[PDB]
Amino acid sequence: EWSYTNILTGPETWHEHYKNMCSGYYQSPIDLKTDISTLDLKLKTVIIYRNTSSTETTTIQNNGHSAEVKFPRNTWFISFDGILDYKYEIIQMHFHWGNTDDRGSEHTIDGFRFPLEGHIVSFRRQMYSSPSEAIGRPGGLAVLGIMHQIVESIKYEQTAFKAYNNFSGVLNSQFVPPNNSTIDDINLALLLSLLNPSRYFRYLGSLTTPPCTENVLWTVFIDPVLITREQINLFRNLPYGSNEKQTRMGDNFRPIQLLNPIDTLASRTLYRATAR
């Protein structure tokens, strides 16, 4: 009972249909404002790393609202502190994009929309033993936002689609909800190497789909990875679920939320990080 493009179930209705927590005042996405952010030199380079003993397969699903890569358990990790001790475990990666190249991202940077934003979703394994235990609990989640920008001149091997192994060619008009397919694994360490993993915005916010749970540690990298126009078009061939009005999947992004709506009882701060 939610959508992006059906005005009966669309993002303007979520605050009424999912008051816990889409009516809250720690919502995502936000406009990432360079001038109205606080630099915190203690925020360290982000590392993504794999358990080389893991052999289980990766899948991708058209879930009717996005293309969602589902990682197997105990395989991909994030470190924010330079220690490789499995504090954050990656669950899934999904995508938000536009009907057109001038929009698509959930977050903006100084009001600018990117054509594609990837969300790498992890749970705080340091505290919570499973995703199902973490997803609804305080401080459960950490999401990385990866901006993508379109370029006319580039070798395949230097695009984000190299790190995605082209989603093993699975993206087409017949990849219909709720189908999933097995795909070659995503090299998330290569993906992170395509941008500056020290240069990012950081804040406490929410899931950007219902029920908009206010338990997400957000990190949004300022530098985009690079893709081609042919590559963004592979996402736009996907069909939306039947609860949507638009036929082809696109404009699957939530509208911008305020950092501090007027009813907040404790203001949050937007932080930024850069290298030593």
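We number the residues from 1 along the sequence you see.
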property	result
Between the two ranges 264-272 and 16-24, the one averaging a larger CA B factor in the entry	16-24
Stretch with the greater mean C-alpha B-factor as recorded in the entry, comparing 176-184 against 118-126	176-184
Selection from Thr209, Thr38, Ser53, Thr45 [criterion: highest C-alpha temperature factor in the record]	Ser53
Residue selected from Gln61, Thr213, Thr219, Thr228 by maximal Cα B factor	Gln61
Third of chain Cα B-factors occupied by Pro72	highest
Cα B factor band for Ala189 (lowest, middle or highest third within the chain)	middle
Among modelled residues of the same chain, the CA temperature factor third for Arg113	lowest
Third assignment of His107 from its chain's C-alpha B-factors	lowest
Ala134, C-alpha B-factor rank within chain (lowest, middle or highest third)	middle
